[PDB]
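Everything below concerns the one structure shown next.
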Amino acid sequence: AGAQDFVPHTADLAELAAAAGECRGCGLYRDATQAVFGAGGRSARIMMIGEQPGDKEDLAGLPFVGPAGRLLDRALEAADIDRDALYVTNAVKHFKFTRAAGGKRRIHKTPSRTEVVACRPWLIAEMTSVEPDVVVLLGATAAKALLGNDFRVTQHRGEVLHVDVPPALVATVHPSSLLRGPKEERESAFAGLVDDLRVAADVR
Ligand SMILES: O=c1cc[nH]c(=O)[nH]1
Ligand code: SF4
């Protein structure tokens, strides 16, 4: 059942976010600082879902505030999308992490499929609350959360997908993947992210 017993019967995002702070649906609440719920309002037509809060998000209490978020902001601006009009969240609400010796940050670790399924009732509550017209799935974990554990983001770029989810679905690269690598490859990947955001914004 995972998080289900912890989700209150409400669509108020402030009430949902407070309840997520008390969630024990998987083990991730133990070491994380706090739950990081989605940000934005229930009028949003576009919802965007990443993997999990990272190091910066875990302490800010807000999603996509670190380097990946700054790259995402650049892509949203190039796509003529106002971040303030979106509802932005993550498939898992507590940061899963470790530290390396001499390291500069806490390093995120990939949620297991078990943790994703455990936390998914929060995503369902968010989608019920917001009623988005389109959901942008940023990266493998988020895409698989709605499209199945076998789903390959790399094989469905640019496609409007739909499964029977309380919207059109658009699965794209995670912004963190665009931070590193040879410059020409990063630039081609950035253009593809802008394209996918534009596909989402053009739905209906
Ligand atoms: O909110 C965030 C920040 C970094 N990476 C994610 O998937 N989500
Ligand atoms: S990651 Fe999700 S299911 Fe796990 S304890 Fe946190 S809010 Fe609950």
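Using the authors' numbering, the letters of the sequence shown map in sequence onto residues 2 to 165, 167 to 168, 171 to 208.
Each residue gets a CB set at the ideal place from its N, CA and C atoms; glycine is no exception.
Under the DSSP definition of a beta bridge, which residues are partnered with residue i?
i	result
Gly196	Its beta-bridge partners do not exist; DSSP assigns none.
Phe7	Its beta-bridge partners do not exist; DSSP assigns none.
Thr176	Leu139
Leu162	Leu173
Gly51	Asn91
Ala40	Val89
Whose C-beta lies closer than 7 Å to the C-beta of residue i among residues of the same chain, with five residues either side of it excluded?
i	result
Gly26	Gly3, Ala4, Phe7, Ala119 and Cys120
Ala126	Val8 and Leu17
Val131	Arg43, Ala45, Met48 and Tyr88
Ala40	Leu63, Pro64 and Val89
Compute the Euclidean distance between the alpha carbons of residue i and residue j, then round it to the nearest angstrom.
i	j	result
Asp134	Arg46	5 Å
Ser192	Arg153	19 Å
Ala175	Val198	12 Å
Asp81	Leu73	12 Å
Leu17	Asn91	14 Å
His157	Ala20	35 Å
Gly103	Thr111	21 Å
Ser44	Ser113	32 Å
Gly28	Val93	11 Å
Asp83	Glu23	31 Å
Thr142	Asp206	24 Å
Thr11	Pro186	46 Å
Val161	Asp85	23 Å
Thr155	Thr129	28 Å
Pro168	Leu124	10 Å
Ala146	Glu188	30 Å
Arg106	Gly159	33 Å
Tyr30	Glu116	11 Å
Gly196	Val177	8 Å
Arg208	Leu173	12 Å
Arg71	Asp32	26 Å
Sorted by chain position, which residues of the same chain lie with C-beta nearer than 6 Å to residue i's C-beta, five sequence neighbours on each side aside?
i	result
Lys57	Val66 and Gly67
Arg184	none
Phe38	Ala18 and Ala21
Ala69	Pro179 and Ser180
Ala79	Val198
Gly140	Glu52 and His178
So residue i packs on residue j, CB below 8 Å; how close in whole Å?
i	j	result
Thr34	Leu63	Not confirmed; about 12 Å, so no contact.
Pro179	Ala36	Contact doesn't hold; Cβ gap of about 21 Å is too wide.
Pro171	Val136	5 Å
residue 170	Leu148	Within the chain, the sequence of modelled residues goes 168 then 171, so residue 170 has no position in this structure.
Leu182	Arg190	6 Å
What does a CB cutoff of less than 8 Å around residue i pick up in its chain, not counting 5 residues either side in sequence?
i	result
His109	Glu52, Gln53, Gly55, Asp56, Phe96, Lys97 and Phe98
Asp13	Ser130
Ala101	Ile108
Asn150	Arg114
Practice item. Would you mind listing the beta strand (DSSP E) stretches within the segment 69-133 that are 3+ residues and don't spill past its ends, in chain order? Key: 88-91
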